[PDB]
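Heads up, the thing below is written out as structure tokens.
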Amino acid sequence: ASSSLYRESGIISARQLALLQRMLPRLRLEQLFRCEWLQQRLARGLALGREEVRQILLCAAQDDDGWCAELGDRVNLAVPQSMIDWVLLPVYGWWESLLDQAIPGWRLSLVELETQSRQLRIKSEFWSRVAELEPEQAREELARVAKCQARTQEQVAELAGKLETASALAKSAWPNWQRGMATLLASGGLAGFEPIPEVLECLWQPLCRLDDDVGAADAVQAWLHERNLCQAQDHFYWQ
Amino acid sequence: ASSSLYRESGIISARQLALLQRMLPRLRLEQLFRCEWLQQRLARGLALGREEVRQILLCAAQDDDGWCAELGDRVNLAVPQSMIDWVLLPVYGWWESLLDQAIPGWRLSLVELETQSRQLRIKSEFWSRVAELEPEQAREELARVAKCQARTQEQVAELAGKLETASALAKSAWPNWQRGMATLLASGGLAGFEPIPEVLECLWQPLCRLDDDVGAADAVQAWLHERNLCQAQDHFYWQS
Amino acid sequence: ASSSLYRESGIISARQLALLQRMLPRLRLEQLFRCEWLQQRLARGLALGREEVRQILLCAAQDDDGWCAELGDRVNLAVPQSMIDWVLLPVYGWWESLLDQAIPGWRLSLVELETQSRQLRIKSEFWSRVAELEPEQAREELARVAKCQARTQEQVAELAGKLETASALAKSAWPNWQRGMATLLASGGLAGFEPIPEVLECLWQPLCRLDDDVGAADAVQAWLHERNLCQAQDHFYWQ
């Protein structure tokens, strides 16, 4: 929900943010950053190009507090990279949390912990170099932070472990997940993915008939959208 | 003003910095980092490319202490992206300042206020992870970071307030600024912007004749220059 | 040697890391992060492209404990930016430490101090923004940070000094280093270096014939590899 966040993760360049900042009033800008669409691109690390920017500017040209709802991308699933970023990765993520709903919370919890271990090593160098002067005071602080990184390390280990077991269970349920992804990055097909877990069948049928069937695009959009894996105004097609 | 500002802002890649560090003496590197040209690119978000790097190395080899003064870009105002980043946006920031000179100061103050804000969050997410092991000596940090965040929040509200008001007049003074920008972005032309404020006429006249008049380019170069919106050696031109 | 470092250094994008995290097991991924080839890209600021990620994924399939020693780049030395990033800069770094072994360590110690002063600089801005409510507490707090950015700042001066002298000696040993570089960026050849130090003769001979002798690019690769300047699987050519 913050400029810096989209900047730190490379979603928006400084150049782009400059234009956006000047064209959109603070109120629209804030709505932009909070909107489901952009938050989606953030989570998938999908940086903006000139048309994304044009479309944002275009949509905001009406004083409708719901302008963000018209935002969405036209994705060509015939491009593996697009198939991966807009479909497979999102779907696998949704699927695993289905096996165990606490998993996304673990993965996210993890990152908050490593970025937290850093602040601990950085705050260690500090009171380390500082030990020069006020040596008695630094010792004090060092003992304090020493305890923290010890616990932080342990919380990480136990989380990792749960995820190790979780991934094992998921590997058992979709063994061909890996062989499928390689076949995609070469042949471009989705067959190496079979047999796919049952729940995914309603997605996989149309997904495999994208070039043959007309209403398969709509079928895939609709399946993802119900499952909250795409936007109402996202559109998918094939080469 | 350190190389870190330029790395974080994606103005200079890691690859590029390494080459510059090897080729430029420590003293020239710092002169480069503080020079007006590179500062302009930073503010505008204009990442360096092969040529910008070469020119840096070139100009720096003269060994004159004002070598930075020879740095500039050759800019094709054909490209809508170039028209926007080198003219429209700088010019609008300048125009804006006429209507109220305190504005530029307010904007960057927000930037620093946002940073201080972010810093306080990192500082609270930090002491939250400590609150578990150090329950007692954590009730003190949260109290200061409380008022700190509150205060910070107050002034943002104020700044954002003044700027919201300024925006309103600024909109009134150039109604079709929006429309003009949409059009340029959709079709490449400048017509959507008119009528333009009278104080920008001597810039606009040449701007709309880049392709036709031969002295139209340097006429906008001169206009921007006399107002510190470009560098002495920045060269503009038109080619479609 | 963590993901976060490769992100901040702009070596791996958010979306690239998204895919690797999902495709590689926790163990397999950390192996990638600590492997020589990737540490090489990192040292030189060489961002992963589409090719590099495919390779990482193919080589991940082998499923042996040393997969990531098969990783290497294919570089076209006919491209000047490649000539610089893979040969000239690496070779110079190696050369200069022949003149004085302490130089790489100074160079690296600067970096540590530079990121450290900018850590205290940001710490100042904060406590001056917090001096709004606490003038007293923020005093001894700004006072400590001020001592640190003092010692830091002199350590830097001492190192810069030592490097200033080194610089002079290296300039005397390879006078046309700079003219060569300028020329390569201008005309794309290597004659501008031409009076090169004797210890580089064996590298220089084949480097000047990449286009003419089939075996030249291999000679170059050998020269580099025997001195740990490229990976065993790095491969060079001229197109």
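Residue numbers (the authors' numbering), protein chains in the order written: chain B, 37 to 275; chain A, 37 to 276; chain C, 37 to 275. Note that the Cβ used here is the ideal one computed from N, Cα and C, for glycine as well.
Beta-carbon neighbours of residue i, restricted to chain B and to distances below 7 Å
i: A:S45; result: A50
i: C:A97; result: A218
Interface flag, residue i vs chain C, CB-CB below 8 Å
i: B:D121; result: yes
i: B:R165; result: yes
i: A:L146; result: no
i: B:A196; result: yes
i: A:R62; result: yes
i: B:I139; result: no
i: B:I232; result: no
i: B:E150; result: yes
8 Å Cβ cutoff, residue i in contact with chain A
i: C:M217; result: yes
i: B:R77; result: no
i: C:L84; result: no
i: C:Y128; result: yes
i: B:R110; result: no
Inter-residue CB distance, residue i and residue j (contact presumed, cutoff 8 Å)
i: A:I47; j: A:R77; result: 6 Å
i: A:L65; j: A:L56; result: 7 Å
i: C:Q185; j: C:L156; result: 4 Å
i: A:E106; j: A:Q214; result: Not quite, the Cβ-Cβ distance comes to about 38 Å (not below 8 Å), so this is no contact.
i: A:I139; j: A:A204; result: About 13 Å; that fails the 8 Å criterion.
Chain-ordered neighbours of residue i on chain B, where CB pairs are closer than 9 Å
i: A:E87; result: In chain order: nothing, as chain B lies at least about 17 Å away.
Neighbour list for residue i in chain A, Cβ cutoff strictly below 7 Å
i: C:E168; result: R187
8 Å Cβ cut-off: residues of chain B touching residue i
i: A:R154; result: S38 and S40
i: C:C184; result: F162, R165 and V166
Alpha-carbon to alpha-carbon, residue j and residue i
i: C:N112; j: C:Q275; result: 6 Å
i: C:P116; j: B:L53; result: 33 Å
i: B:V256; j: B:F272; result: 8 Å
i: C:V123; j: B:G216; result: 38 Å
i: A:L146; j: A:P231; result: 31 Å
i: A:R62; j: C:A196; result: 8 Å
i: A:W240; j: C:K159; result: 46 Å
i: A:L74; j: A:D136; result: 27 Å
i: A:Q267; j: A:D247; result: 22 Å
i: C:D109; j: C:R143; result: 26 Å
i: A:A209; j: A:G141; result: 21 Å
i: C:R51; j: A:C238; result: 47 Å
i: C:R187; j: C:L60; result: 44 Å
i: A:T151; j: B:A258; result: 41 Å
i: C:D101; j: A:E87; result: 44 Å
i: C:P171; j: C:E177; result: 10 Å
i: C:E72; j: C:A79; result: 10 Å
i: A:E200; j: C:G85; result: 43 Å
i: C:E161; j: C:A206; result: 40 Å
i: A:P211; j: A:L134; result: 16 Å
i: B:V181; j: C:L68; result: 30 Å
i: B:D99; j: A:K198; result: 21 Å
Contact with chain B by residue i, beta-carbon distance below 8 Å
i: A:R80; result: yes
i: A:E66; result: no
i: A:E200; result: yes
i: A:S203; result: yes
Beta-carbon neighbours of residue i, restricted to chain C and to distances below 9 Å
i: A:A179; result: By Cβ distance, chain C contributes nothing, its closest Cβ being about 11 Å from A:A179, past 9 Å.
Partners in chain A for residue i, counting only beta-carbon separations shorter than 9 Å
i: C:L221; result: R86, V89, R90, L93 and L94
i: C:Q214; result: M59, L93 and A97
Within 8 Å, strictly: CB atoms of residue i and residue j
i: C:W131; j: C:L236; result: yes
i: B:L221; j: C:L93; result: yes
i: residue 277 of chain A; j: A:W163; result: Nothing about residue 277 of chain A can be reported from this structure: the residues present for chain A run from 37 to 276 only.
i: B:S40; j: A:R154; result: yes
i: B:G228; j: B:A218; result: yes
i: C:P126; j: C:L243; result: no
i: B:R58; j: A:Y128; result: yes
i: C:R70; j: C:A96; result: no
i: C:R245; j: C:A252; result: yes
i: A:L149; j: B:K183; result: no
Within chain A, partners of residue i - CB distance below 8 Å
i: C:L125; result: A54, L55 and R58
Proximal chain C residues relative to residue i, where beta-carbon distance stays under 7 Å
i: B:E172; result: Neighbours of B:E172 on chain C: none; closest Cβ ~14 Å, over 7 Å.
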